[PDB]
């Protein structure tokens, strides 16, 4: 029972995982132990979700009279440094200044195949607001021609401090 870690990019295009296992083997001679190497091949289908199980029958250890153990791989999402995976969607955290949130913003959203898409915002952006960029998520695994969405998730970064100057002005333009 073993973790197969797969990057977002590998889930997006699909990939091949070549895992070498070292199991103990009963020799042609029925009464001794031998170490044996064997590459197990996993075909990662595009869009596969974490928890997918890949079972290689009887690839465990061999010695006695009983049936050798199954090797079960379980797919795990590897942390990605740009996106957080959410099913077939990917979430893109966009950190913007409070100035941009109140006065207008362009987010250059990165894509899974390494381009960027400019998304222009004219209205007030609120802390935690989300904006869908349709079809820019991961392939759906059963119908890989269709894709999920890329979801912009805003974090609005506040000034560390406000000088008294600025405070007096903010008091005149912002609602109580």
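By rigid core we mean the largest C-alpha set that fits within 1.5 Å across both forms. Residue numbers count along the first chain shown, from 1.
Asks: Report the stretch with the higher root mean square CA deviation, pooled over structures and residues in 4 other deposited structures of this protein, choosing between 113-121 and 49-57 after a rigid core fit.
Replies: Between 113-121 and 49-57, the one lying farther away in 4 other deposited structures of this protein is 49-57.
Asks: I want to check something about residue 18: across the other compared entries that model its neighbours, is it left unbuilt in at least a third?
Replies: No; none of the other entries leave residue 18 out.
Asks: Do at least a third of the other entries of this protein fail to model residue 64?
Replies: Other entries vs residue 64: at least a third skip it.
Asks: Do the CA atoms of 78-86 or those of 100-108 have the higher mean B-factor in the entry?
Replies: 78-86 has the higher mean C-alpha B-factor.
Asks: Could you check the entry and say whether 1-9 or 165-173 has the higher mean CA B-factor?
Replies: The entry gives the higher C-alpha B-factor average to 1-9.
Asks: Taking the Cα B-factors listed in the entry, which of 116, 52, 63, 143 comes out highest?
Replies: Highest C-alpha B-factor among the listed residues goes to 63.
Asks: Report the option among 46, 147, 34, 132 whose CA atom has the maximum B-factor in the deposited record.
Replies: The record points to 34.
Asks: Ranked by Cα temperature factor within the chain, is residue 122 in the lowest third, the middle third or the highest third?
Replies: Answer is middle: the recorded C-alpha B-factor places it there.
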